[PDB]
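With PDB, C-alpha atoms inside, this is start.pdb:
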```pdb
MODEL        1
ATOM      1  CA  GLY A   1     112.824 103.046  87.778  1.00  0.00           C
ATOM      2  CA  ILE A   2     109.708 101.140  88.719  1.00  0.00           C
ATOM      3  CA  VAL A   3     108.099 101.485  85.267  1.00  0.00           C
ATOM      4  CA  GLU A   4     111.100 100.062  83.495  1.00  0.00           C
ATOM      5  CA  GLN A   5     111.484  97.346  86.070  1.00  0.00           C
ATOM      6  CA  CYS A   6     107.901  96.237  86.670  1.00  0.00           C
ATOM      7  CA  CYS A   7     105.864  97.446  83.686  1.00  0.00           C
ATOM      8  CA  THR A   8     108.278  97.360  80.743  1.00  0.00           C
ATOM      9  CA  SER A   9     109.879  94.271  82.271  1.00  0.00           C
ATOM     10  CA  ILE A  10     108.860  91.696  84.825  1.00  0.00           C
ATOM     11  CA  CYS A  11     109.903  92.367  88.460  1.00  0.00           C
ATOM     12  CA  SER A  12     110.097  90.137  91.539  1.00  0.00           C
ATOM     13  CA  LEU A  13     108.539  90.753  94.935  1.00  0.00           C
ATOM     14  CA  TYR A  14     111.916  91.781  96.251  1.00  0.00           C
ATOM     15  CA  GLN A  15     112.408  94.425  93.478  1.00  0.00           C
ATOM     16  CA  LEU A  16     108.891  95.684  93.930  1.00  0.00           C
ATOM     17  CA  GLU A  17     109.179  96.166  97.774  1.00  0.00           C
ATOM     18  CA  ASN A  18     112.179  98.318  97.056  1.00  0.00           C
ATOM     19  CA  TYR A  19     109.675 100.966  95.809  1.00  0.00           C
ATOM     20  CA  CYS A  20     107.824 100.905  99.074  1.00  0.00           C
ATOM     21  CA  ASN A  21     108.149 103.980 101.299  1.00  0.00           C
TER      22      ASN A  21
ATOM     23  CA  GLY B   1     112.119 103.969  98.645  1.00  0.00           C
ATOM     24  CA  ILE B   2     111.652 107.476  97.335  1.00  0.00           C
ATOM     25  CA  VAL B   3     109.760 108.694 100.428  1.00  0.00           C
ATOM     26  CA  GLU B   4     112.470 107.567 102.786  1.00  0.00           C
ATOM     27  CA  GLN B   5     115.162 108.909 100.527  1.00  0.00           C
ATOM     28  CA  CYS B   6     113.743 112.251  99.413  1.00  0.00           C
ATOM     29  CA  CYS B   7     111.014 113.172 101.907  1.00  0.00           C
ATOM     30  CA  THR B   8     112.154 111.670 105.215  1.00  0.00           C
ATOM     31  CA  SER B   9     115.739 112.443 104.220  1.00  0.00           C
ATOM     32  CA  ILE B  10     117.407 114.728 101.733  1.00  0.00           C
ATOM     33  CA  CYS B  11     118.211 113.232  98.288  1.00  0.00           C
ATOM     34  CA  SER B  12     120.506 114.351  95.465  1.00  0.00           C
ATOM     35  CA  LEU B  13     119.611 114.830  91.816  1.00  0.00           C
ATOM     36  CA  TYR B  14     121.280 111.549  91.019  1.00  0.00           C
ATOM     37  CA  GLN B  15     119.179 109.624  93.627  1.00  0.00           C
ATOM     38  CA  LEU B  16     116.030 111.341  92.490  1.00  0.00           C
ATOM     39  CA  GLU B  17     116.515 110.514  88.726  1.00  0.00           C
ATOM     40  CA  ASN B  18     116.764 106.911  89.777  1.00  0.00           C
ATOM     41  CA  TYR B  19     112.963 107.079  90.376  1.00  0.00           C
ATOM     42  CA  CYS B  20     112.354 108.239  86.858  1.00  0.00           C
ATOM     43  CA  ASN B  21     110.674 105.768  84.494  1.00  0.00           C
TER      44      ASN B  21
ATOM     45  CA  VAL C   2     115.033 126.292 103.095  1.00  0.00           C
ATOM     46  CA  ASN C   3     113.169 122.944 103.412  1.00  0.00           C
ATOM     47  CA  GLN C   4     115.239 120.531 101.338  1.00  0.00           C
ATOM     48  CA  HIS C   5     112.770 117.738 101.716  1.00  0.00           C
ATOM     49  CA  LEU C   6     110.549 116.760  98.804  1.00  0.00           C
ATOM     50  CA  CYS C   7     107.255 115.237  99.967  1.00  0.00           C
ATOM     51  CA  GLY C   8     103.847 114.727  98.312  1.00  0.00           C
ATOM     52  CA  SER C   9     103.077 117.258  95.612  1.00  0.00           C
ATOM     53  CA  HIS C  10     106.568 118.746  95.823  1.00  0.00           C
ATOM     54  CA  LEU C  11     108.027 115.316  95.223  1.00  0.00           C
ATOM     55  CA  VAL C  12     105.633 114.930  92.266  1.00  0.00           C
ATOM     56  CA  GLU C  13     106.760 118.313  90.867  1.00  0.00           C
ATOM     57  CA  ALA C  14     110.451 117.499  91.351  1.00  0.00           C
ATOM     58  CA  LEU C  15     109.953 114.336  89.354  1.00  0.00           C
ATOM     59  CA  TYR C  16     108.049 116.165  86.515  1.00  0.00           C
ATOM     60  CA  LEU C  17     111.013 118.528  86.365  1.00  0.00           C
ATOM     61  CA  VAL C  18     113.970 116.167  86.476  1.00  0.00           C
ATOM     62  CA  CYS C  19     112.495 113.159  84.643  1.00  0.00           C
ATOM     63  CA  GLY C  20     111.260 115.211  81.696  1.00  0.00           C
ATOM     64  CA  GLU C  21     110.309 113.129  78.701  1.00  0.00           C
ATOM     65  CA  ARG C  22     111.249 109.829  80.346  1.00  0.00           C
ATOM     66  CA  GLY C  23     108.258 110.288  82.720  1.00  0.00           C
ATOM     67  CA  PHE C  24     107.781 108.758  86.134  1.00  0.00           C
ATOM     68  CA  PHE C  25     105.497 106.632  88.328  1.00  0.00           C
ATOM     69  CA  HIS C  26     102.811 107.566  88.855  1.00  0.00           C
TER      70      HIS C  26
ATOM     71  CA  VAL D   2      99.005  85.593  82.207  1.00  0.00           C
ATOM     72  CA  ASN D   3     100.313  89.189  81.833  1.00  0.00           C
ATOM     73  CA  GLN D   4     103.093  89.436  84.405  1.00  0.00           C
ATOM     74  CA  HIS D   5     103.607  93.103  83.826  1.00  0.00           C
ATOM     75  CA  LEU D   6     102.384  95.618  86.384  1.00  0.00           C
ATOM     76  CA  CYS D   7     101.555  98.982  84.798  1.00  0.00           C
ATOM     77  CA  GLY D   8      99.425 101.965  85.883  1.00  0.00           C
ATOM     78  CA  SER D   9      96.596 101.042  88.214  1.00  0.00           C
ATOM     79  CA  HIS D  10      97.813  97.451  88.486  1.00  0.00           C
ATOM     80  CA  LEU D  11     101.195  98.719  89.584  1.00  0.00           C
ATOM     81  CA  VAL D  12      99.415 100.969  92.112  1.00  0.00           C
ATOM     82  CA  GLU D  13      97.416  97.976  93.422  1.00  0.00           C
ATOM     83  CA  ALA D  14     100.510  95.760  93.634  1.00  0.00           C
ATOM     84  CA  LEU D  15     102.180  98.400  95.752  1.00  0.00           C
ATOM     85  CA  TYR D  16      99.105  98.795  98.079  1.00  0.00           C
ATOM     86  CA  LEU D  17      99.270  95.034  98.551  1.00  0.00           C
ATOM     87  CA  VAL D  18     102.962  94.426  99.123  1.00  0.00           C
ATOM     88  CA  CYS D  19     103.908  97.670 100.902  1.00  0.00           C
ATOM     89  CA  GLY D  20     101.087  97.430 103.432  1.00  0.00           C
ATOM     90  CA  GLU D  21     101.494  99.754 106.371  1.00  0.00           C
ATOM     91  CA  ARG D  22     104.823 101.148 105.164  1.00  0.00           C
ATOM     92  CA  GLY D  23     102.934 102.868 102.290  1.00  0.00           C
ATOM     93  CA  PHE D  24     104.332 103.987  98.970  1.00  0.00           C
ATOM     94  CA  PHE D  25     104.782 106.932  96.588  1.00  0.00           C
ATOM     95  CA  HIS D  26     102.428 108.248  95.543  1.00  0.00           C
TER      96      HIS D  26
ENDMDL
END
```
Before we go any further, please render this structure as structure tokens.
Amino acid sequence: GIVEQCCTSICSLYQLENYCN
Amino acid sequence: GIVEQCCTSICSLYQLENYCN
Amino acid sequence: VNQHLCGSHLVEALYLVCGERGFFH
Amino acid sequence: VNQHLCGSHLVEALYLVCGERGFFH
């Protein structure tokens, strides 16, 4: 999920905005 | 994201567990 | 029933299903 | 720099990028 993708790893803007709304 | 998928709409267990971690 | 999960019910559903894994936020 | 976004920095990043859309939670 977002923690694996953005915290554990490094995520792009595109990946991050997928966790909007 | 999760709000669209699970709140606005109805989501399955499988979709929901995708927002784990 | 309401089958929508919003706010604190969405939070609880995630507690439940994610277990030890955890979840944001 | 740290390029990881965790906890309150992840929260802030979502505020930022999601704007009016909003985000969980």
Would you list which chain C residues are within 9 Å of chain A using all atoms listed in the file, as a ChimeraX atom specification?
-> /C:24-26
Show me, as CSV, the residues of chain C having an atom within 10 Å of chain D, each with the closest atom pair and its distance in Å, using all atoms listed in the file.
```
residue,atom,partner,partner_atom,distance
C:7,CA,D:25,CA,9.3
C:8,CA,D:26,CA,7.2
C:9,CA,D:26,CA,9.0
C:11,CA,D:26,CA,9.0
C:12,CA,D:26,CA,8.1
C:25,CA,D:26,CA,8.0
C:26,CA,D:26,CA,6.7
```
Please write out, as AutoDock Vina command-line options, where the centre of an axis-aligned box around all listed atoms of region 4-21 of chain A lies and how long its edges are, in Å to one decimal, after adding 5 Å on each side.
```
--center_x 109.1 --center_y 97.1 --center_z 91.0 --size_x 16.5 --size_y 23.8 --size_z 30.6
```
Taking the block above, write region 2-22 of chain C with N, CA and C atoms as a PDB file, in the first residue's frame.
```pdb
ATOM      1  N   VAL C   2     -28.216  -3.332   4.416  1.00  0.00           N
ATOM      2  CA  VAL C   2     -27.298  -2.558   5.306  1.00  0.00           C
ATOM      3  C   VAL C   2     -26.558  -1.505   4.421  1.00  0.00           C
ATOM      4  N   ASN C   3     -25.975  -0.473   5.036  1.00  0.00           N
ATOM      5  CA  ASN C   3     -24.925   0.320   4.374  1.00  0.00           C
ATOM      6  C   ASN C   3     -23.638  -0.504   4.163  1.00  0.00           C
ATOM      7  N   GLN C   4     -23.240  -0.634   2.916  1.00  0.00           N
ATOM      8  CA  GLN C   4     -22.069  -1.387   2.549  1.00  0.00           C
ATOM      9  C   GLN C   4     -20.886  -0.498   2.240  1.00  0.00           C
ATOM     10  N   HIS C   5     -21.087   0.784   2.498  1.00  0.00           N
ATOM     11  CA  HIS C   5     -20.042   1.756   2.315  1.00  0.00           C
ATOM     12  C   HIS C   5     -19.226   1.843   3.584  1.00  0.00           C
ATOM     13  N   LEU C   6     -17.919   2.087   3.407  1.00  0.00           N
ATOM     14  CA  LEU C   6     -17.008   2.228   4.538  1.00  0.00           C
ATOM     15  C   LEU C   6     -16.371   3.584   4.452  1.00  0.00           C
ATOM     16  N   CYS C   7     -16.761   4.496   5.318  1.00  0.00           N
ATOM     17  CA  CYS C   7     -16.306   5.908   5.236  1.00  0.00           C
ATOM     18  C   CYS C   7     -15.835   6.346   6.593  1.00  0.00           C
ATOM     19  N   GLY C   8     -14.797   7.184   6.649  1.00  0.00           N
ATOM     20  CA  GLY C   8     -14.318   7.757   7.927  1.00  0.00           C
ATOM     21  C   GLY C   8     -13.871   6.740   8.970  1.00  0.00           C
ATOM     22  N   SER C   9     -14.507   6.752  10.126  1.00  0.00           N
ATOM     23  CA  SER C   9     -14.083   5.879  11.200  1.00  0.00           C
ATOM     24  C   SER C   9     -14.451   4.424  10.944  1.00  0.00           C
ATOM     25  N   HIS C  10     -15.481   4.180  10.154  1.00  0.00           N
ATOM     26  CA  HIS C  10     -15.753   2.807   9.712  1.00  0.00           C
ATOM     27  C   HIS C  10     -14.737   2.280   8.709  1.00  0.00           C
ATOM     28  N   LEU C  11     -14.200   3.150   7.861  1.00  0.00           N
ATOM     29  CA  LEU C  11     -13.137   2.747   6.990  1.00  0.00           C
ATOM     30  C   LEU C  11     -11.879   2.447   7.767  1.00  0.00           C
ATOM     31  N   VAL C  12     -11.553   3.318   8.726  1.00  0.00           N
ATOM     32  CA  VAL C  12     -10.461   3.091   9.700  1.00  0.00           C
ATOM     33  C   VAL C  12     -10.597   1.741  10.410  1.00  0.00           C
ATOM     34  N   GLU C  13     -11.776   1.426  10.961  1.00  0.00           N
ATOM     35  CA  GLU C  13     -11.997   0.166  11.638  1.00  0.00           C
ATOM     36  C   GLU C  13     -11.849  -1.050  10.726  1.00  0.00           C
ATOM     37  N   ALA C  14     -12.364  -0.944   9.513  1.00  0.00           N
ATOM     38  CA  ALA C  14     -12.278  -2.003   8.516  1.00  0.00           C
ATOM     39  C   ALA C  14     -10.813  -2.338   8.173  1.00  0.00           C
ATOM     40  N   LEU C  15     -10.000  -1.316   8.086  1.00  0.00           N
ATOM     41  CA  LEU C  15      -8.597  -1.461   7.882  1.00  0.00           C
ATOM     42  C   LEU C  15      -7.854  -2.073   9.111  1.00  0.00           C
ATOM     43  N   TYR C  16      -8.050  -1.539  10.315  1.00  0.00           N
ATOM     44  CA  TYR C  16      -7.619  -2.291  11.541  1.00  0.00           C
ATOM     45  C   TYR C  16      -7.826  -3.819  11.471  1.00  0.00           C
ATOM     46  N   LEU C  17      -9.094  -4.183  11.276  1.00  0.00           N
ATOM     47  CA  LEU C  17      -9.573  -5.511  11.088  1.00  0.00           C
ATOM     48  C   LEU C  17      -8.801  -6.329  10.056  1.00  0.00           C
ATOM     49  N   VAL C  18      -8.856  -5.887   8.813  1.00  0.00           N
ATOM     50  CA  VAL C  18      -8.410  -6.724   7.696  1.00  0.00           C
ATOM     51  C   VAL C  18      -6.913  -6.681   7.534  1.00  0.00           C
ATOM     52  N   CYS C  19      -6.254  -5.606   7.970  1.00  0.00           N
ATOM     53  CA  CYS C  19      -4.818  -5.427   7.716  1.00  0.00           C
ATOM     54  C   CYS C  19      -4.016  -6.096   8.803  1.00  0.00           C
ATOM     55  N   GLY C  20      -4.632  -6.203   9.977  1.00  0.00           N
ATOM     56  CA  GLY C  20      -4.012  -6.901  11.121  1.00  0.00           C
ATOM     57  C   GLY C  20      -2.623  -6.358  11.417  1.00  0.00           C
ATOM     58  N   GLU C  21      -1.648  -7.268  11.420  1.00  0.00           N
ATOM     59  CA  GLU C  21      -0.323  -6.986  11.894  1.00  0.00           C
ATOM     60  C   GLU C  21       0.487  -6.167  10.916  1.00  0.00           C
ATOM     61  N   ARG C  22       0.275  -6.414   9.615  1.00  0.00           N
ATOM     62  CA  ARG C  22       0.697  -5.500   8.542  1.00  0.00           C
ATOM     63  C   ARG C  22       0.566  -3.991   8.864  1.00  0.00           C
TER      64      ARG C  22
END
```
